[PDB]
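Read the structure below first, then the notes.
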Amino acid sequence: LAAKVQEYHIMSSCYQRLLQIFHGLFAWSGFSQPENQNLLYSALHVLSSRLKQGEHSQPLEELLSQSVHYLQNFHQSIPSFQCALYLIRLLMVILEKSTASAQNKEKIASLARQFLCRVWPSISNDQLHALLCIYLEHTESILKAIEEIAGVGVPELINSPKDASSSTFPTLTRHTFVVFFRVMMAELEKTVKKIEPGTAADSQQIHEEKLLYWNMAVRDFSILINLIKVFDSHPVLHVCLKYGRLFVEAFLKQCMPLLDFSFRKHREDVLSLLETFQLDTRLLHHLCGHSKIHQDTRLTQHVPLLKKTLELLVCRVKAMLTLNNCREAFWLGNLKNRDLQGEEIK
Amino acid sequence: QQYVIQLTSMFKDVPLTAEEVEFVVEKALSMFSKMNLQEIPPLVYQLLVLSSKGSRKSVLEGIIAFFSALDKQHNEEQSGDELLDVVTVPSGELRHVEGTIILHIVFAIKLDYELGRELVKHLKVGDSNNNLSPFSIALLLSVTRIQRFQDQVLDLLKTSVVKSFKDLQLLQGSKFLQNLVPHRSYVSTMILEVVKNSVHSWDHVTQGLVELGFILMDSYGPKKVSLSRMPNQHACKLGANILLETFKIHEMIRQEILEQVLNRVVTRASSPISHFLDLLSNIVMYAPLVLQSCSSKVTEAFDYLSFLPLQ
Amino acid sequence: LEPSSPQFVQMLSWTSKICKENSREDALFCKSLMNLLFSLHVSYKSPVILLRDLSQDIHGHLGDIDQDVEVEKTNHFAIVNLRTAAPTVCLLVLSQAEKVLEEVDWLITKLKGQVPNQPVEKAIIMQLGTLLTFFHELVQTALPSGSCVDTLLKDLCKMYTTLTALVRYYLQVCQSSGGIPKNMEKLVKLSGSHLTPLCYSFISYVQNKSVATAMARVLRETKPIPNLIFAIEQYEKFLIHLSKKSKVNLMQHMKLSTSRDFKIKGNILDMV
Amino acid sequence: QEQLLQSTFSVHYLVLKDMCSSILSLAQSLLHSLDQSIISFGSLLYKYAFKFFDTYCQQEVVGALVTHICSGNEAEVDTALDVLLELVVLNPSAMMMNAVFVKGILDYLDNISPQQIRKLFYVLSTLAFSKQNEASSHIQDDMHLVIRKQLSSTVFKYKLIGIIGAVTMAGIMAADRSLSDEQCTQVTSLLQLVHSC
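From first to last, the protein sequence lines are chains G, S, Y and V.
Counting with the entry's author numbering, you get residues 1037 to 1039, 1051 to 1169, 1177 to 1400 for the letters of the first sequence.
Counting with the entry's author numbering, you get residues 171 to 295, 299 to 398, 409 to 494 for the letters of the second sequence.
Counting with the entry's author numbering, you get residues 996 to 1110, 1126 to 1220, 1236 to 1297 for the letters of the third sequence.
Counting with the entry's author numbering, you get residues 413 to 590, 602 to 620 for the letters of the fourth sequence.
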């Protein structure tokens, strides 16, 4: 059908149901035990035969990958979005059989981007969250993908006829932007959390690499909060005001010691890092004040803990300064409260 | 006011919703005073065997509140000159119907644990927990005969008495707070009255009572080997009072109390055992009473006396 | 002595008469005497007036934090001398205030679990309105940077937690839509215009002017100011809840919360 | 593991039988958990305790299992019923004389879900149809009357219980083994009776 709708709407549901059956069959706990490993091998052989048969006896890796290449061919034409998510899930459960995952975690992510960039003519928020969570984790250099999505989100808001949200990501609208924001910030928090510094025993290259990684992380975090100025609605504001607290807690907990260790060797980088984070925390304070200017219980519910773990950072910066015998260098001062757009309220 | 016993047949087979059963149990609560004292236990049996498939909190709450109020009224208006005076139903009838009803409730709880879990969660304590009463304390003490609820009710009783003694120690320590509030019956005298009231020929609470006494003594003994010591000392005093009180009244249990006290006091561990020693000296004051029941445990305690150190 | 007799009253009068008369250099003697006075006076009425008119005298001797305020010292108690007030009396009066807050919070939780709630509310409001003058009086003192300022921050956090418990109880009560009388309104407005901004002005002065166990001690320092900020913000949030419930507004009286951002200097080059 | 407890109950059963009441109390206490490993361990503890100990402790075991079944909680009911099934298929003769206690459960048929009633009738039937009982087959001819008096009732719920029990007992009575005798005629008579009722 590259070049009456009852049959099309029936076969679409059949196509979705079929891959649902496949995913249900290929993802049960019995395959963990080695009793039915022969049954699993026979099923994989049945799958892989339709490419090129002739060798019943084969290594597991070879026919596993051949079956995967067979199933990947169905991305040529599928009619819905649920079908695409199910195909991705089935590929996900099949590929984890192989021990090595050097290339699989990249091919899955590339296919997921190929599905997400497809226009999908007519989609619901409960499924796009899962698909974008699959895409966002599997790419290497998560911060690069996050920053790229943030830098291609602006072709929407800069020039869009009303509801004609055709960006270079054709599934970025004014009704589904909050899902993108939520998964983006959640994945940023998750990938930040798992970093760990230790004992400063490594060479200068390791420390400079970690500082560079953190500099990229905080730059992207600033560019991800900064565009809530133009998108000020209840759910996006709520999700940013929650996961910003989460990220600040992660930054204080995990990479304050790494800030402690290398103050001697690299003092010019860390100070600029703190100023760059200070700008973002200033805007977060502006958000915290704006949340209570207009009384709204559901959004104000989170501001006490945010204020606590955002004064914690200032006091811990003072603690870091005192740890290296430099107490006299600390100097405080209040700040002028601003609105979200930036003014001087009185 | 005569066909209420057969008024329960309407809620047996047909399904109902919560509002109408709540209304009829409210009517039953309002007519508890009207019907009779003696007719209550069969009605309680009928409603409680109905309650498995329907309302379960309401009936238990109503029974507990009614009997707490009746006990409170009888206790308040019972005091007076030993002469002709106004009184409601006498003690010999009231304690007996309370015993039958508590035994029936324990049996019904044994038939389905959900009622017992609802009862335990209902009487959860910090807070005053004003629903505590001699009847409710007796209930909680008699549920301990089931293995599912033993620790879950003993720890609640322990924290309750600790909270009460903390309240007393806080209230006696100031004038302003003492000036504002009127005193409420603190749960120490509540249990100390339940043990005395237990003379009326029911024994299904003695085991819970002695177990509570021993737990409450062990958990708050003087471990010296300053503010929190005063509740921790009043609790031990209450435990000793409770144990000595159940020693005299009930006969079947006095063989095991002395055995436990001896088995806990004759040790080489050199742990502080002053309170157990004081209790043992207090309960061997009634020398013939020990000789009637348990004259053997002291003998093998004597046979072991050669091994212990000098102190 | 039984706490109702002419002898008890004359004994308390005699101890108060000494505490209003003489001056002694020793810190132990005055601390024992103050403990004696509070032990007598705590069982004859609430000491909440004594704390106010004692800390008002404490505030005179040390000085304000603004560096340009002419206090009057009011000479209430002669035994609270210059060398007496700094490490000894302030810590003790803070402990006594913590005891008073414990009593008030027990009253509040008892009365909330109760549901005669007409006069008890007035009494609690009276005590809070009295000791809030105490806290407002000794916030601006230039206390020594030892443990006394940390104790003050801990007790102030306790005060705020108690007051939010009271506001929560009024949330639980005002479901009748008319349970906000004037005695609460004065308390809330006065708490807005006396204590809350001065907390921030004090925190500015506290922060500004100054092996593994060293690291543990350093991390031990960082708790009280964030704890206080969290308590204050929780208070304002529950106040917003109460304003949304019964259609009145209370955030008119108290201003917008100021916010803090650390700075730095290029004076670490002096270190090397 | 479980061969550890197997050796425990195999070698030192004579000394361990002194405090078997405490053993049963411990098993009863730990059967009230939520996972499956602890519950299975307590189940096999009951089983092994019944296997080696004295007849009085066997009576105590079956009493504890009966009160477990009538307690009410679903996991306890299923576990205790499975324990009884494997216990009666393990040592039918010792369990045979204690049929009174297990039959006494049948008075409480409002605390048990409909599905577990079939399992209860199954375990009771396979208890009452071992050929060791043919010397004095009383449980079988008692249950043929219990089922009749259940089916001839007027309450609908007991009629449903009766049809469930009659079918699941006729199944065991006409079980295919390694017969074609008068027992088959009795099976036929029971089926036409329960069809007419």
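Every residue gets a Cβ at the ideal spot worked out from N, C-alpha and C, and that includes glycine.
Exercise. Can at least three beta-carbon pairs, one atom from the stretch 1277–1291 of chain G and one from the stretch 1245–1253 of chain G, be found at a separation below 8 angstroms?
Worked result: no
Exercise. Quick one: does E1131/Y have its CB under 8 angstroms from some CB of chain S?
Worked result: no
Problem set entry | Min CB distance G1396/G to chain Y below 8 angstroms | no
Exercise. The alpha helix (DSSP H) with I1279/G in it runs from where to where?
Worked result: 1258–1279
Exercise. Are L285/S and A278/S touching if we call contact CB-CB under 8 angstroms?
Worked result: yes
Exercise. Which chain S residues sit within Cβ distance under 9 angstroms of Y1039/Y?
Worked result: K348
For this session: Could you tell me if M180/S is buried or exposed, where buried requires 16 or more neighbouring beta carbons within 10 angstroms of its beta carbon?
Result: exposed
Problem set entry | Cβ-based contacts, 7 angstroms cut-off: residues of the stretch 275–290 of chain S near chain V | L281, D282, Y283
Problem set entry | Neighbouring residues, chain Y, relative to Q1332/G (Cβ below 8 angstroms) | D1286, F1287
For this session: Return helix, strand or coil for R1318/G, following the three-state DSSP convention.
Result: coil
For this session: Specify the secondary structure class of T1222/G as computed by DSSP and reduced to three states.
Result: coil
Exercise. In this structure, does DSSP put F237/S in helix, strand or coil?
Worked result: helix
For this session: Given a cut-off of 8 angstroms, decide if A1204/G and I1277/G are closer than it, judged by their beta-carbon atoms.
Result: yes
Exercise. Quick one: Cα of residue 1172/G to Cα of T1227/G, how far?
Worked result: Missing from the coordinates is residue 1172/G; the shown part of chain G jumps over it, going from 1169 to 1177.
Problem set entry | Sequence-distant residues of its chain with Cβ nearer than 6 angstroms to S542/V (five each side left out) | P504
Problem set entry | Beta-carbon proximity check, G422/S vs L389/S, cutoff 8 angstroms | yes
For this session: Step through the CB atoms of chain V and report whether any lies within less than 8 angstroms of the CB of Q320/S.
Result: yes
Problem set entry | Three-state secondary structure assigned by DSSP to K197/S | helix
Exercise. Quick one: is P1154/Y near chain G, going by C-beta distance under 8 angstroms?
Worked result: no
For this session: May I ask you to verify whether the stretch 343–351 of chain S touches the stretch 1094–1108 of chain Y, counting CB pairs closer than 8 angstroms and requiring at least 3?
Result: yes
Problem set entry | CB contact check: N1070/Y to chain G, cutoff 8 angstroms | no
Exercise. Of the residues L1094/G, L1377/G, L1065/G, which one's Cα is nearest the Cα of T1238/Y?
Worked result: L1377/G
Exercise. Once you ignore the five residues that flank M585/V on each side, which residues in its own chain have a CB closer than 6 angstroms to its CB?
Worked result: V610
For this session: Taking 8 angstroms as the cut-off, decide whether the C-beta atoms of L207/S and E263/S are in contact.
Result: yes
For this session: Pick helix, strand or coil for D1059/Y, following the three-state DSSP scheme.
Result: strand
Exercise. Going by beta carbon distance, what residues of the same chain come within less than 8 angstroms of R1299/G, once the five residues before and after it are set aside?
Worked result: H1356, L1359, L1360, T1363, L1364
For this session: Locate the alpha helix (DSSP H) running through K459/V, then write down its first and last residues.
Result: 449–464
Problem set entry | Where the stretch 423–446 of chain V meets chain S: residues whose CB sits under 8 angstroms from a CB there | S437, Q440, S441, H444
For this session: Hey, could you find the ends of the alpha helix (DSSP H) residue 599/V is sitting in?
Result: Coordinates for residue 599/V are absent; the numbering of chain V skips from 590 straight to 602.
For this session: With 9 angstroms as the C-beta to C-beta threshold (strictly closer), list the residues of the stretch 501–520 of chain V near chain S in chain order.
Result: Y520
For this session: Using a cut-off of 8 angstroms between C-beta atoms, extract the partners of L1205/Y located in chain G.
Result: The premise fails here: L1205/Y is roughly 18 angstroms from chain G at the closest Cβ pair, so nothing lies under 8 angstroms.
Problem set entry | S455/V at chain S interface by Cβ criterion, 8 angstroms | no
Exercise. To which residues of the same chain is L1394/G closer than 8 angstroms at the C-beta, ignoring the five residues directly before and after it?
Worked result: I1282, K1283, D1286, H1340, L1341, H1344
Exercise. Apart from the five residues just before and just after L1089/Y, which ones in its own chain have a Cβ nearer than 8 angstroms to its Cβ?
Worked result: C1158, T1161, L1162, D1165
For this session: Identify which residue in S437/V, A578/V, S612/V, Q470/V has its Cα closest to the Cα of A506/V.
Result: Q470/V
Problem set entry | Nearest candidate by alpha-carbon position, reference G232/S, set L213/S, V372/S, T379/S, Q475/S | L213/S
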